[PDB]
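First comes one chain, alone, set out as structure tokens in the form deposited in one PDB entry.
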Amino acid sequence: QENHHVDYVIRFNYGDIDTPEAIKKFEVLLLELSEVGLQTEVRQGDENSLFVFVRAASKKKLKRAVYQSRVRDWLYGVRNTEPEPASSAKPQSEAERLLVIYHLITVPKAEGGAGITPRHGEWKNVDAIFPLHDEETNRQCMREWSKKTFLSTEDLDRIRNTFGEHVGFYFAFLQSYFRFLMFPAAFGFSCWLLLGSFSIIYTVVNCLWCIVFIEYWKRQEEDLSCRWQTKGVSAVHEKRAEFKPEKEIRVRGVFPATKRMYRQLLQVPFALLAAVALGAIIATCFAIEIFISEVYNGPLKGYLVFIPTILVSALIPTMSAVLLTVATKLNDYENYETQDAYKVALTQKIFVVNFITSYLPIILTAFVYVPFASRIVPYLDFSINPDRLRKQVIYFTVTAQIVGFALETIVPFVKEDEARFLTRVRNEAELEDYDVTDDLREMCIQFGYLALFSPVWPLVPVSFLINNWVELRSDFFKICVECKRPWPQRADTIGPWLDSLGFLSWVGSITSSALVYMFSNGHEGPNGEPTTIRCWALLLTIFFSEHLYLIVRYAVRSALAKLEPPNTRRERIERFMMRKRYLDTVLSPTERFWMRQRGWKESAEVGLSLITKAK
């Protein structure tokens, strides 16, 4: 078997604990797991850690726990089909058994399982709860679709039966994104060949392609959550231990939704602190690099040009670690009963930083360096470089996808009987804690380049087509080789990223039509002076293109709503048929006016006597 029927490993730390308090908490850790029906085996983890191997103590106690989990989904409307009895309740997959065991270890004792919250409040010494990789399943899948162009629907199901729906939704989204990139890649190679850059025809097909892909994925997510049975999964979301209720009414532990809305008002100050903090470092290091590159005409230019590129690589990550610390403090200040609401809210605070770090460099070039900078450089102490804007779009969409592939997958990888097994469990325990949000962020940031700036150099979607094929293979390699196996968390969507994709598509119709206008003479546009830009005509072309985007997006969203995908229709029918079974099994004076014409024949003849008489 090579995994020894081990479900999870719980790593217990004692490096910061004295022996009387260490073994005091190790006892409760073991009897909490024993009480909820799990079997344990203790071994040496590290020089300072002692991890515990956990397994379902019996097929009867696991079938009952699997049954109780399906009953909880059905009661809350996630499943919609009756859960078949506990006598035949085998896990549908490995991801279902691993999710049922994970909930026994972590949900609080009033909810059914041991309340082992790793490292929060009483299990601070508990550092990790991780499952073990199925190495041969991981290696057969890796070689099997390094020879294909697309992963089958069954290949995508194999990813969720191993890693769960949250990881499976990312790969389903990335595959659908890659399949849609074939159109602008083929169209973007035509327009780059026949036409040039800043083409009117390219910019319209590109904005129309971004509308169709986002609307197609919003509908494909609903179909996919109905197929995987995670459709309303937010109703059974796991509470987070750090929550602080105000009252406690049954018991639930309520915190008012309006009180949290006042604290959420602080995100407006935070979003402006980040744009003043990051924007000042990006704009200042851009103005420097314009000076020593096009203004400073002295010696030392060979080895003085790397200053700005270096000074931003040591200042943007430093400031982003500061803003991520402020965002986490503000996220904690809001209370967030659930772990998903906490994670969704934190990802949304960080998107403000990602939008500025990722796109502000190109926005300064296209909209403050090209139109201006014959006005600026007299104060910066002109003949702007007409290829600065194109060489920067190439760097972010080609050299950043190639360089980023190296730091993402290669550098992390380069940095008696039970002795071989225990040796590799100690190796798995020192790998990384995979986060599918990091992958989703990188794909949605990449979508923003296509949406915002692809008219500059329409070969961008060819770079993304080639990159995204490799990305799907190397992201799967990264999960199987360089990260601990993620516990099979569920999801019905890629989350807050679907609204960022639509925000970037909207913003892209404004910046794309501003670029098609101010470069309609060439790629040099207004060579540094803003005189030849009719500000009214720049604004008219943005007003019409933005409202043509909004109108076409409403038409495309309303068409697709009329086309119910099949898995979504089957859950609507199945909710009807469930209620039919419940209904079949259980539930099984004036009157003188009406005494006139007794039957329907007398009415019939009273009508004949009047119909004929009236003619």
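The first residue of the sequence shown is number 1, and the count goes up from there. For the two forms, the rigid core is made up of the largest set of C-alpha atoms that agree within 1.5 Å on superposition.
There is another form of the same protein, the form deposited in another entry; it is not shown, and what comes next is about it.
Shift analysis on the rigid core between this form and the one not shown singles out 394 from 480, 204, 516, 394 (C-alpha displacement of 2 Å or more). After superposition on the rigid core, the Cα of residue 16 moves by less than 2 Å between this form and the one not shown.
The two forms, fitted on the rigid core, differ between this form and the one not shown by less than 2 Å at the CA of residue 506. Positional change of residue 489 between this form and the one not shown stays under 2 Å at the C-alpha, relative to the superposed core.
In that other deposited form, the CA atoms of residue 451 and residue 315 sit closer together than in the displayed form, by at least 3 angstroms.
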